[PDB]
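Take a look at this single chain in structure tokens; it is the form deposited in one PDB entry.
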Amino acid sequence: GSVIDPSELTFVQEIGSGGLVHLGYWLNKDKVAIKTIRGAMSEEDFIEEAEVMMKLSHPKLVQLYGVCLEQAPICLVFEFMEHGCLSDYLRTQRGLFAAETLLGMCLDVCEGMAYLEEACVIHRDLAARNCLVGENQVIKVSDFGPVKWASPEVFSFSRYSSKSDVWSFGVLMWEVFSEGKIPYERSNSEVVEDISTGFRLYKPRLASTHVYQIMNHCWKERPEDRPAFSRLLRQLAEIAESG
């Protein structure tokens, strides 16, 4: 449920585009991020994803205040994340990040994805662009309600599972350690044929041998050979404890 009246919301500034993302206030008190509809995408599916997001509670997942239904275009009322999009945050603060900080960001994404794995929810589009940065560099997973991030089962047979999101997490891990670099920067059919041949993303300078090894385990051809998010969480924690 959670229905918000349009008069309660106050639009301040446009902060994102795709629909549009606006910085605003709810009841003239709380800082909120308002996601308005474009056109493309169904109005019911946009609300169906919001109902799923409001039922999943984890400190590493973005929380929703409510939904505006009365006036069209309809909108989602999200909590405001101070530093915004992860991919953009990595590019702006490039060269200022330490290896420990970048690994800490990957552990935050893996925490939220381990919760979704147990709750049997497939993300379908896990990327650095769909991750948000809050206060004290805390990373939260969004849009949990593009073949570069897709696994061989997805771009050829459209088989979605928890192991296909593991492949996406491997590509996400590459974006973090490369400090916001575009993966396979190359057309869709060019990369889809490159992956099957045996070509993967190169080793980033900031990432270590143990970090890149975990990325390749996520990049395994067979879904069964890839480790689960629950296992990956403990493997990433072992690197942070030692080096």
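Take the two forms, find the largest set of C-alpha atoms that superpose within 1.5 Å, and that set is the rigid core. Residue indices: 1-based, along the sequence shown.
The same protein also exists as the form deposited in another entry; that form is not shown, yet it is the one meant from here on.
- Residue displacement note: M54 has its CA displaced by under 2 Å between the shown form and the other one (rigid core superposed).
- Comparing the forms between the shown form and the other one on their rigid core, the Cα displacement of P73 reaches 2 Å or more.
- The Cα position of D30 differs by less than 2 Å between the shown form and the other one after fitting on the rigid core.
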